[PDB]
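Have a look at run.csv; it's CSV, C-alpha atoms and all ligand atoms:
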chain,number,residue,atom,x,y,z
A,11,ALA,CA,115.5,75.7,84.8
A,12,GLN,CA,111.8,76.5,85.0
A,13,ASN,CA,110.4,79.8,83.5
A,14,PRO,CA,113.7,80.8,82.0
A,15,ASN,CA,112.2,83.9,80.2
A,16,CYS,CA,110.9,85.1,83.7
A,17,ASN,CA,107.4,85.5,82.6
A,18,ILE,CA,104.7,86.4,85.1
A,19,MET,CA,102.8,83.2,85.9
A,20,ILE,CA,99.1,83.0,86.8
A,21,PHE,CA,97.9,80.3,89.2
A,22,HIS,CA,94.4,78.8,89.7
A,23,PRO,CA,94.6,76.7,93.0
A,24,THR,CA,91.8,74.4,93.8
A,25,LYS,CA,90.1,74.8,97.2
A,26,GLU,CA,92.2,71.9,98.4
A,27,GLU,CA,95.4,73.5,97.3
A,28,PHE,CA,94.3,76.8,99.0
A,29,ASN,CA,94.6,75.3,102.5
A,30,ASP,CA,98.3,75.4,103.0
A,31,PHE,CA,99.8,78.8,102.1
A,32,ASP,CA,103.5,78.0,102.5
A,33,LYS,CA,103.2,74.8,100.5
A,34,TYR,CA,101.5,76.7,97.6
A,35,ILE,CA,104.2,79.4,97.6
A,36,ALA,CA,106.8,76.6,97.4
A,37,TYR,CA,104.8,75.0,94.6
A,38,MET,CA,104.7,78.2,92.6
A,39,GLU,CA,108.5,78.5,93.0
A,40,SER,CA,108.9,74.9,91.8
A,41,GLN,CA,107.3,76.1,88.6
A,42,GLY,CA,109.7,79.1,88.3
A,43,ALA,CA,107.2,81.7,89.3
A,44,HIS,CA,109.7,83.7,91.3
A,45,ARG,CA,111.9,84.3,88.4
A,46,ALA,CA,109.4,86.9,87.1
A,47,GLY,CA,109.4,88.8,90.4
A,48,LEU,CA,105.6,88.8,90.5
A,49,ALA,CA,102.8,86.1,90.2
A,50,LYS,CA,99.0,86.3,90.1
A,51,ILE,CA,96.9,83.9,92.2
A,52,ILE,CA,93.2,83.5,91.3
A,53,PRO,CA,91.4,82.1,94.3
A,54,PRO,CA,89.2,79.0,94.0
A,55,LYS,CA,85.6,79.9,93.0
A,56,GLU,CA,84.3,78.7,96.4
A,57,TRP,CA,86.5,81.2,98.4
A,58,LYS,CA,85.6,84.6,99.6
A,59,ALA,CA,87.5,87.2,101.6
A,60,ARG,CA,84.5,88.5,103.4
A,61,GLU,CA,80.7,88.4,102.9
A,62,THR,CA,80.2,92.0,101.7
A,63,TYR,CA,82.0,95.3,101.6
A,64,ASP,CA,78.8,97.1,102.4
A,65,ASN,CA,80.1,98.7,105.5
A,66,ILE,CA,83.7,100.2,104.7
A,67,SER,CA,82.9,103.8,104.3
A,68,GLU,CA,83.6,104.3,108.0
A,69,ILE,CA,87.2,103.5,107.8
A,70,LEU,CA,89.4,106.6,108.4
A,71,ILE,CA,92.2,107.6,106.1
A,72,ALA,CA,94.0,109.7,108.7
A,73,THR,CA,96.7,111.1,106.3
A,74,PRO,CA,95.6,110.9,102.6
A,75,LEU,CA,98.7,111.6,100.4
A,76,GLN,CA,98.5,113.9,97.3
A,77,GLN,CA,101.0,112.5,94.9
A,78,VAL,CA,102.7,115.5,93.1
A,79,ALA,CA,105.0,114.7,90.2
A,80,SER,CA,108.1,116.4,88.8
A,81,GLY,CA,110.0,115.5,85.7
A,82,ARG,CA,108.9,114.3,82.2
A,83,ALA,CA,106.1,111.9,81.4
A,84,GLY,CA,108.3,108.8,81.3
A,85,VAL,CA,110.8,109.7,84.0
A,86,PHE,CA,109.5,111.5,87.1
A,87,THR,CA,109.5,111.6,90.8
A,88,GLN,CA,106.6,112.0,93.1
A,89,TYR,CA,106.3,113.6,96.5
A,90,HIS,CA,103.6,113.0,99.0
A,91,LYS,CA,101.8,116.0,100.3
A,92,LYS,CA,99.8,115.3,103.5
A,93,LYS,CA,96.1,116.2,103.4
A,94,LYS,CA,93.5,116.4,106.0
A,95,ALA,CA,91.8,113.2,107.2
A,96,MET,CA,88.9,111.8,105.4
A,97,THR,CA,86.7,108.7,105.7
A,98,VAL,CA,86.7,106.0,103.0
A,99,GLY,CA,83.1,107.3,102.0
A,100,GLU,CA,84.5,110.8,101.5
A,101,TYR,CA,87.5,109.5,99.6
A,102,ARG,CA,85.4,107.3,97.3
A,103,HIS,CA,83.2,110.3,96.5
A,104,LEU,CA,86.3,112.3,95.7
A,105,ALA,CA,87.7,109.5,93.5
A,106,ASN,CA,84.4,109.5,91.5
A,107,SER,CA,84.4,113.3,91.1
A,108,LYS,CA,84.9,114.9,87.7
A,109,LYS,CA,88.3,116.2,88.7
A,110,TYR,CA,89.7,112.7,89.7
A,111,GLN,CA,87.6,110.0,88.0
A,112,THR,CA,88.9,107.6,85.4
A,113,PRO,CA,88.5,109.0,81.9
A,114,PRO,CA,86.6,107.4,79.1
A,115,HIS,CA,88.8,104.7,77.5
A,116,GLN,CA,88.5,101.6,75.2
A,117,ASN,CA,90.3,98.9,77.2
A,118,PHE,CA,93.2,98.5,79.7
A,119,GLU,CA,95.8,99.3,77.0
A,120,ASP,CA,94.2,102.6,76.1
A,121,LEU,CA,94.0,103.4,79.8
A,122,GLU,CA,97.7,102.5,80.3
A,123,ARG,CA,98.6,104.8,77.3
A,124,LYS,CA,96.6,107.7,78.9
A,125,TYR,CA,98.3,107.0,82.3
A,126,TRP,CA,101.8,107.3,80.9
A,127,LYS,CA,100.9,110.3,78.7
A,128,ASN,CA,99.2,112.3,81.4
A,129,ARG,CA,100.1,111.2,84.9
A,130,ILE,CA,102.5,114.0,85.6
A,131,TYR,CA,99.8,116.7,85.0
A,132,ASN,CA,97.6,115.6,87.8
A,133,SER,CA,98.0,115.0,91.6
A,134,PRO,CA,95.8,112.1,92.6
A,135,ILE,CA,95.2,111.4,96.4
A,136,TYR,CA,96.3,107.9,97.8
A,137,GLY,CA,95.1,106.4,101.1
A,138,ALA,CA,98.1,104.3,101.6
A,139,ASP,CA,99.7,102.4,104.3
A,140,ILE,CA,96.7,102.2,106.7
A,141,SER,CA,97.2,99.4,109.4
A,142,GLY,CA,94.2,97.1,109.3
A,143,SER,CA,92.5,94.2,107.6
A,144,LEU,CA,89.3,93.6,105.6
A,145,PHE,CA,89.5,89.7,105.8
A,146,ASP,CA,86.7,88.2,107.8
A,147,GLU,CA,88.1,86.4,110.8
A,148,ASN,CA,86.2,83.3,109.6
A,149,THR,CA,88.2,83.2,106.4
A,150,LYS,CA,90.7,80.6,107.1
A,151,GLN,CA,92.5,80.4,103.7
A,152,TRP,CA,94.9,83.1,102.5
A,153,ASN,CA,93.7,85.5,105.2
A,154,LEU,CA,96.5,88.1,105.1
A,155,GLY,CA,96.0,88.9,108.8
A,156,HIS,CA,96.6,85.2,109.8
A,157,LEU,CA,99.9,84.5,108.1
A,158,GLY,CA,102.9,83.0,109.9
A,159,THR,CA,105.1,86.0,110.9
A,160,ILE,CA,108.5,86.9,109.6
A,161,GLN,CA,109.9,86.8,113.2
A,162,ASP,CA,108.6,83.3,113.5
A,163,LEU,CA,110.2,82.3,110.1
A,164,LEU,CA,113.6,83.8,111.3
A,165,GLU,CA,113.2,81.9,114.5
A,166,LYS,CA,112.4,78.6,112.9
A,167,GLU,CA,115.2,78.9,110.3
A,168,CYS,CA,118.0,80.5,112.3
A,169,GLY,CA,117.0,79.9,116.0
A,170,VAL,CA,117.0,83.6,116.9
A,171,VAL,CA,114.3,85.2,118.9
A,172,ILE,CA,113.5,88.8,118.2
A,173,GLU,CA,111.0,91.5,118.9
A,174,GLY,CA,108.6,92.8,116.3
A,175,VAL,CA,105.3,92.2,114.7
A,176,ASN,CA,104.0,91.8,111.2
A,177,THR,CA,100.5,93.2,110.3
A,178,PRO,CA,98.7,94.1,107.1
A,179,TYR,CA,98.1,97.4,105.5
A,180,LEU,CA,95.1,98.8,103.5
A,181,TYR,CA,95.5,100.9,100.4
A,182,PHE,CA,92.7,103.0,99.0
A,183,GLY,CA,93.4,104.2,95.4
A,184,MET,CA,91.9,106.3,92.7
A,185,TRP,CA,92.7,106.9,89.0
A,186,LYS,CA,96.5,107.6,88.6
A,187,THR,CA,97.5,106.8,92.1
A,188,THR,CA,101.0,105.4,91.8
A,189,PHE,CA,103.4,103.1,93.5
A,190,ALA,CA,107.0,103.9,92.7
A,191,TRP,CA,109.7,101.5,91.7
A,192,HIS,CA,110.8,99.5,94.8
A,193,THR,CA,111.6,96.2,96.3
A,194,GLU,CA,110.2,95.3,99.8
A,195,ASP,CA,111.8,96.2,103.0
A,196,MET,CA,114.7,93.8,103.5
A,197,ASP,CA,113.8,92.4,100.1
A,198,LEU,CA,110.9,90.5,101.6
A,199,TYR,CA,108.0,88.9,99.7
A,200,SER,CA,104.8,90.8,99.5
A,201,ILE,CA,101.2,89.6,99.0
A,202,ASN,CA,98.5,91.9,97.9
A,203,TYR,CA,94.8,91.2,97.6
A,204,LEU,CA,92.5,93.6,95.6
A,205,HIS,CA,89.4,93.6,97.8
A,206,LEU,CA,87.2,95.7,95.6
A,207,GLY,CA,86.9,98.3,92.9
A,208,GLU,CA,88.9,99.1,89.8
A,209,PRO,CA,92.0,97.3,88.6
A,210,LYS,CA,95.7,97.8,89.5
A,211,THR,CA,98.4,97.6,86.7
A,212,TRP,CA,101.8,96.3,87.8
A,213,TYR,CA,105.3,96.4,86.2
A,214,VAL,CA,108.0,94.1,87.4
A,215,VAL,CA,111.8,93.5,86.8
A,216,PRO,CA,113.0,89.8,87.3
A,217,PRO,CA,115.1,89.6,90.5
A,218,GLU,CA,118.0,88.3,88.5
A,219,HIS,CA,118.0,91.6,86.6
A,220,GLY,CA,117.3,94.0,89.4
A,221,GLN,CA,120.7,95.6,89.3
A,222,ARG,CA,120.1,96.6,85.6
A,223,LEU,CA,117.1,98.7,86.8
A,224,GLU,CA,119.3,100.2,89.6
A,225,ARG,CA,121.9,101.2,87.1
A,226,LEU,CA,119.4,102.9,84.9
A,227,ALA,CA,117.9,104.6,87.9
A,228,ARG,CA,121.3,106.0,88.9
A,229,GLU,CA,121.6,107.4,85.3
A,230,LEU,CA,118.1,108.9,85.3
A,231,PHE,CA,118.1,110.3,88.7
A,232,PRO,CA,121.7,111.4,89.1
A,233,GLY,CA,121.4,113.8,92.1
A,234,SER,CA,119.3,111.3,94.0
A,235,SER,CA,121.9,108.7,93.4
A,236,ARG,CA,124.7,110.9,94.8
A,237,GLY,CA,122.6,111.5,97.9
A,238,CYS,CA,121.9,107.9,98.7
A,239,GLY,CA,123.4,104.6,97.7
A,240,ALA,CA,119.9,103.0,97.8
A,241,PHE,CA,117.6,105.7,96.8
A,242,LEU,CA,115.0,103.5,95.3
A,243,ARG,CA,114.2,102.7,99.0
A,244,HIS,CA,112.7,106.2,99.1
A,245,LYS,CA,109.9,104.9,96.9
A,246,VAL,CA,109.6,108.1,94.8
A,247,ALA,CA,110.9,107.3,91.3
A,248,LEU,CA,109.0,106.3,88.2
A,249,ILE,CA,110.2,105.1,84.9
A,250,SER,CA,107.8,104.2,82.1
A,251,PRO,CA,107.7,101.1,80.1
A,252,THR,CA,108.7,103.0,77.0
A,253,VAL,CA,111.8,104.2,78.8
A,254,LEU,CA,112.6,100.8,80.1
A,255,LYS,CA,112.3,99.3,76.6
A,256,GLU,CA,114.6,102.1,75.2
A,257,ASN,CA,117.2,101.2,77.7
A,258,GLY,CA,117.0,97.4,77.3
A,259,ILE,CA,115.7,96.7,80.9
A,260,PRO,CA,113.9,93.4,81.1
A,261,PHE,CA,110.4,93.7,82.6
A,262,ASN,CA,106.8,92.5,82.4
A,263,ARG,CA,103.4,93.9,83.1
A,264,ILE,CA,100.1,92.6,84.3
A,265,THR,CA,96.7,94.0,85.5
A,266,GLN,CA,95.2,92.7,88.8
A,267,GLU,CA,91.5,92.8,89.1
A,268,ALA,CA,89.3,92.7,92.2
A,269,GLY,CA,89.3,89.3,93.8
A,270,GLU,CA,92.8,88.4,92.8
A,271,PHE,CA,96.1,88.1,94.7
A,272,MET,CA,99.5,89.2,93.6
A,273,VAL,CA,102.8,87.9,95.1
A,274,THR,CA,106.0,89.8,94.8
A,275,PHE,CA,109.2,87.8,95.3
A,276,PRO,CA,112.4,88.8,97.0
A,277,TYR,CA,114.2,91.5,95.1
A,278,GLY,CA,111.5,91.8,92.5
A,279,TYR,CA,111.3,95.5,91.7
A,280,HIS,CA,107.8,96.6,91.0
A,281,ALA,CA,105.8,99.8,90.2
A,282,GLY,CA,102.3,100.5,89.1
A,283,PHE,CA,99.0,102.5,89.2
A,284,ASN,CA,95.4,102.2,89.9
A,285,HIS,CA,92.6,102.5,87.3
A,286,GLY,CA,90.0,104.1,89.6
A,287,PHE,CA,88.6,103.8,93.1
A,288,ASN,CA,89.8,100.6,94.8
A,289,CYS,CA,90.9,99.0,98.0
A,290,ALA,CA,93.8,96.6,98.4
A,291,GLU,CA,95.3,94.8,101.4
A,292,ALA,CA,99.0,93.8,101.5
A,293,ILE,CA,101.5,92.4,103.9
A,294,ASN,CA,105.2,91.3,103.8
A,295,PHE,CA,106.1,87.7,104.5
A,296,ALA,CA,109.2,85.4,104.4
A,297,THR,CA,110.1,81.9,103.5
A,298,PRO,CA,113.3,80.0,103.9
A,299,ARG,CA,114.5,81.1,100.5
A,300,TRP,CA,114.2,84.8,101.5
A,301,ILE,CA,116.9,84.6,104.2
A,302,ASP,CA,119.8,85.0,101.8
A,303,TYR,CA,118.1,88.0,100.2
A,304,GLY,CA,117.6,89.5,103.5
A,305,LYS,CA,121.2,89.2,104.3
A,306,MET,CA,122.2,91.0,101.0
A,307,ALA,CA,119.4,93.7,100.9
A,308,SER,CA,120.5,97.2,100.3
A,309,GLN,CA,119.8,99.8,102.7
A,310,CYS,CA,119.0,103.5,102.8
A,311,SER,CA,121.2,105.1,105.6
A,312,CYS,CA,120.6,108.8,104.3
A,313,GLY,CA,117.6,109.0,106.5
A,314,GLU,CA,114.9,109.4,104.0
A,315,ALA,CA,113.5,105.8,103.9
A,316,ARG,CA,112.6,105.7,107.6
A,317,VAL,CA,110.8,102.4,108.2
A,318,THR,CA,109.1,100.2,110.8
A,319,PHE,CA,110.0,99.1,114.2
A,320,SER,CA,110.3,95.5,113.1
A,321,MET,CA,113.0,96.1,110.5
A,322,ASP,CA,115.4,97.0,113.3
A,323,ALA,CA,115.8,93.4,114.4
A,324,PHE,CA,116.1,92.1,110.8
A,325,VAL,CA,119.1,94.5,110.2
A,326,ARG,CA,120.6,93.7,113.6
A,327,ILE,CA,120.6,90.0,113.1
A,328,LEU,CA,121.0,89.6,109.3
A,329,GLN,CA,123.2,92.6,108.7
A,330,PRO,CA,125.2,93.3,111.9
A,331,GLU,CA,128.0,95.2,110.1
A,332,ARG,CA,125.4,97.6,108.6
A,333,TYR,CA,123.5,97.9,111.9
A,334,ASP,CA,125.2,101.0,113.4
A,335,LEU,CA,125.2,103.1,110.2
A,336,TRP,CA,121.5,102.1,109.2
A,337,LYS,CA,120.4,103.1,112.8
A,338,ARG,CA,122.1,106.5,112.6
A,339,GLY,CA,119.8,106.9,109.5
A,340,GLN,CA,116.7,105.8,111.4
A,341,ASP,CA,117.6,108.0,114.5
B,401,LIG,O1,99.3,98.5,96.1
B,401,LIG,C1,100.1,99.4,96.3
B,401,LIG,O2,100.0,100.7,96.2
B,401,LIG,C2,101.6,99.0,96.5
B,401,LIG,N1,101.7,97.6,96.9
B,401,LIG,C3,102.9,97.0,96.9
B,401,LIG,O3,104.0,97.6,96.5
B,401,LIG,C4,102.9,95.5,97.3
B,401,LIG,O4,101.9,95.0,97.5
B,401,LIG,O5,104.1,95.1,97.4
B,402,MG,MG,83.1,101.2,108.1
B,403,NI,NI,105.6,96.5,97.1
B,404,ZN,ZN,118.3,107.2,101.3
Represent the supplied structure as structure tokens.
Amino acid sequence: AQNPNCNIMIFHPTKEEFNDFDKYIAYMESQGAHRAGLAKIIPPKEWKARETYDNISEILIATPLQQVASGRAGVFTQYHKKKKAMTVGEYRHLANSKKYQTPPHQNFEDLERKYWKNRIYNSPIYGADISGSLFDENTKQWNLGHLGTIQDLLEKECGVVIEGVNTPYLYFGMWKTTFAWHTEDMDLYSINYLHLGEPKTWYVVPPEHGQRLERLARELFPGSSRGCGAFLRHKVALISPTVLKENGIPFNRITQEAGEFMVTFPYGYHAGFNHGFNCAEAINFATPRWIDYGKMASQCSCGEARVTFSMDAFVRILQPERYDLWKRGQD
């Protein structure tokens, strides 16, 4: 079995290898990359996502989210308070202000220490989940707005024809902005490209051990657990590496820098934080190996998780028994 310790693997495709996206995913899995839940892909040196970023300040963040924490430093939840719209130029200036900027630090490890010590005492503002793309239309390789769609994968593998579309999302981060422990909708893959700015640190639990993380989360967040049988779908809970280590939960960590891709694999729980002002682009995708994960994915029916139009069809076709109850949640 390849990669039996479930380490995060890093890949350096050549420009030739960068032509066929699906093929390269299947290659990485041949090497065991999925066992980690997360892989890093460093693009060939000849590749570029776009010529410059010189004109991105005019993008609008219609609903910036202030991430307010509750709990203790290593075990907390965050709620998203909606703020007034602002442009990327306004948000970048805010990120760089004395109130919100990255503190002085020695290296990534020192910064990670300061994040876990101090996160809860601040409320950074995240421009998350903005439909759009920063890939140039002329970028033909690994252009996250030109991927094969999940609907088309389900049609090719299973023959069924469904409504729905699959588009990318932009994320504008600042110091301490946080993504809570989650898997993707329907336990899909994700791919995330860090277009510019400061790094993003990731934590990940191997898919084969995801239920260990779920059981810990039920113990640490016991009222949330009674409220919903899949409350990590709410994307609000944080658990630190120290707490994970104390409770024996297998995990890995890695820092993504500008110009790098990350892939999350089906049922790979992940969480993390941004080091400073940055912009990432991410999208979900599927392969044939996903289908079985899609069929088994948990679902939030309490009503909190409230997701996309396109997830309806996935539930309806892969999980017809759950369909009814999950749609009561969504309506
Ligand atoms: O970048 C972020 O804030 C969160 N991204 C993801 O969870 C992902 O790409 O799957
Ligand atoms: Mg602009
Ligand atoms: Ni994700
Ligand atoms: Zn729920």
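Where the distance criterion is 6 Å and the atoms used are all atoms listed in the file, the residues close to ligand LIG 401 (chain B) are residues 189, 200, 201, 202 and 292 of chain A.
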Mind writing the picked residues with C-alpha atoms as a PDB file, keeping the file's coordinate frame?
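Final output, saved to part_24.pdb:
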ATOM      1  CA  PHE A 189     103.400 103.100  93.500  1.00  0.00           C
ATOM      2  CA  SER A 200     104.800  90.800  99.500  1.00  0.00           C
ATOM      3  CA  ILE A 201     101.200  89.600  99.000  1.00  0.00           C
ATOM      4  CA  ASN A 202      98.500  91.900  97.900  1.00  0.00           C
ATOM      5  CA  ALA A 292      99.000  93.800 101.500  1.00  0.00           C
TER       6      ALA A 292
END
Report the closest atom pair, with its distance in Å rounded to one decimal, for each residue of chain A that has an atom no farther than 7 Å from ligand MG 402 (chain B); count all atoms listed in the file, sort by chain and then rising residue number, and write it as a tab-separated table.
residue	atom	partner	partner_atom	distance
A:65	CA	B:MG402	MG	4.7
A:66	CA	B:MG402	MG	3.6
A:67	CA	B:MG402	MG	4.6
A:68	CA	B:MG402	MG	3.1
A:69	CA	B:MG402	MG	4.7
6 Å contact set for segment 88-102 of chain A, only C-alpha atoms, chain neighbours under 6 positions out, as a list in words: residues 67, 68, 69, 70, 71, 72, 73, 74, 75, 76, 77, 78, 79 and 246 of chain A
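In this comparison, which uses all atoms listed in the file, the residue of A:296, A:59, A:289, A:281 approaching ligand NI 403 (chain B) most closely is A:281.
The shortest atom-to-atom distance to ligand NI 403 (chain B), with only C-alpha atoms and all ligand atoms taken into account, belongs to A:48 out of A:48, A:157, A:85, A:312.
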Could you report the residues within 6 Å of ligand ZN 404 (chain B), using all atoms listed in the file, as a VMD selection string? chain A and resid 238 240 to 241 310 to 315
